[PDB]
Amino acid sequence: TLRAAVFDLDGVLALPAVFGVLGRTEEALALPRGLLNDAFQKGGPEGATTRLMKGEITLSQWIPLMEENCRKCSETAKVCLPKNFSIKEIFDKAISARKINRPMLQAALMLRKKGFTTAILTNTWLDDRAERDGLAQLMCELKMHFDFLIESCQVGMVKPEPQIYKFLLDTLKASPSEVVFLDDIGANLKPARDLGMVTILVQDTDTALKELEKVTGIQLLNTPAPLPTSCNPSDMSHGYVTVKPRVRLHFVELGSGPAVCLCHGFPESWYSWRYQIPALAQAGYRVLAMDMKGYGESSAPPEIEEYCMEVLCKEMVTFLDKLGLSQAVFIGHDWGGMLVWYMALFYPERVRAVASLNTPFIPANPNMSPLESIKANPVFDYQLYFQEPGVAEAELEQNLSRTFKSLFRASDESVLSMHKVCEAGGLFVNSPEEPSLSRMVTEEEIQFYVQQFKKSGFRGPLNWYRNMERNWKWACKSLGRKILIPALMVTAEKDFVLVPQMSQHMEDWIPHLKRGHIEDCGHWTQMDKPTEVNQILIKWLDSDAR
């Protein structure tokens, strides 16, 4: 019974293959068929390419050797190489043209998710070309999805030498009959077959996947659309900044490029951005996903005023200063969405662009207290419940698993009513003791939140609702301003607290506002519709945030 799947890079996980471009170059230059491919393989195990694949020489040291082989080959064929024939040029664009074979990676990912140990086995070189980064970026994206990456230039062995196959079985901790091996080269497939491995000769991906699905018994073809890549907490880089004595801010960091600060809502974690962090980093951004003040590994002082918008904003400015960042794109959801609008209002020079998910920007009414206007809308009764220090903490901290299982639900899964929470005497009053596990979350994801909330509980998180009057007074000072920096508002159709209609007057204050909208999406936008969230944010970042 198969338990490991081994994939080649060139012609299997990466398309098009180099020897396919070697053939396309022969045709384009009207050279004899196989001339360039014969030059490439010249001297077999004793030649220039074998030395390169074993790591004896780098790619640059190899170029003039491939040049001489092409001259010597063209001399025997009694042909002429063109005026400006260049191996450096041919190989540069061949490497550059090569992209990930998306259906093949998806099947590799399906196999791994279903218990298989996966590996990439490749005949590759030490790339020291000035353009090496393109390949380095390609390898980084592929390697993260596999248990092993075996490169010929790193092990000093090559395919089809039987030693690399014996090396592969040892790293896999599997006997041959337990391994599926996918290769585009028949000669490199033969030693795996000889040992007793299941082998697939890759030509077109569809035929190879049909063969792979039949042999594994796992459906790889015609599968439902997969969720975006998520985060494993212990595989992330964890950052920590002291913004003031006894107040420390925790963040997860991934990627290079413009700084993208992600600000979660109530009662969440940096982990709420799990499906955005890899996608946004892959899109060419340096993601800094916050544990907001009061949450996770960040400091949770007990005083209410410590959570007023003026203090939180000033602290995010200090966070930027301490990391040596003149600007960041601020993307917020829920309470994070609110903070993000205030960062744009009060510190526009530190805000590259601003994006909110569900949270609209509504100017303060100077002729009315916010505490008396909360009462005007029946949906916001839970806000009044959240007011008295102690009450909601006791209910929310009682059974942590029940809290997140009850809250983290889709549009068609509600167990709790948003209205008359005060009259009922709680948020979980006519709610089950053991709520069913929502479709959006696994048991593992709920437990990550459970463990996070054991450190400081709900006092710090609840204090964000406890600065209404203080927040109002500060917001009133911004009444003559306009948001003129690039801004995005993302509405969610089925969010019944942060309703899309609440965002309708936004253009009066943000005239150049760009919009996004998600249908059949509840309040927990990021985990409800991660593929949609990623498309909207990436499209907006590349057009408006550089």
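So that there is no doubt, residue numbering starts at 1 and follows the sequence shown. In this text, the rigid core denotes the largest set of C-alpha atoms whose superposition between the two forms falls within 1.5 Å.
Comparing 280 to 288 and 88 to 96 where Cα RMS over structures and residues is taken in 9 other deposited structures of this protein (core fit), larger one: It is 88 to 96 that deviates more in 9 other deposited structures of this protein.
Rigid core superposition result in 9 other deposited structures of this protein, more deviant of 222 to 230, 408 to 416 by Cα: Larger mean C-alpha displacement, comparing 222 to 230 and 408 to 416 in 9 other deposited structures of this protein, is found in 408 to 416.
Residue stretch of maximal mean CA temperature factor, 500 to 508 vs 481 to 489: Per the PDB record, 500 to 508.
374 to 382 or 312 to 320, whichever carries the higher mean Cα B-factor: For C-alpha atoms only, the mean B-factor is higher in 374 to 382.
Residue of maximum C-alpha B factor among 369, 242, 269, 152, per deposited coordinates: Out of 369, 242, 269, 152, the record gives the largest C-alpha B-factor to 369.
Criterion, highest CA B-factor; candidates, 185, 81, 119, 351: Comparing C-alpha B-factors across 185, 81, 119, 351, the maximum falls on 81.
Cα B factor band for residue 137 (lowest, middle or highest third within the chain): Middle third - that is where residue 137 ends up once the chain's C-alpha B-factors are sorted.
Modelled-residue ranking by C-alpha temperature factor, third containing residue 160: Its C-alpha B-factor belongs to the middle third of this chain's values.
Record-listed C-alpha B factor of residue 408: chain third: Middle third by C-alpha B-factor.
Position of residue 6 among the chain's modelled residues by C-alpha B-factor, lowest, middle or highest third: It belongs to the lowest third of the chain when residues are ordered by C-alpha B-factor.
Chain third (lowest, middle, highest) by recorded CA B-factor, residue given as residue 461: Its C-alpha B-factor belongs to the lowest third of this chain's values.
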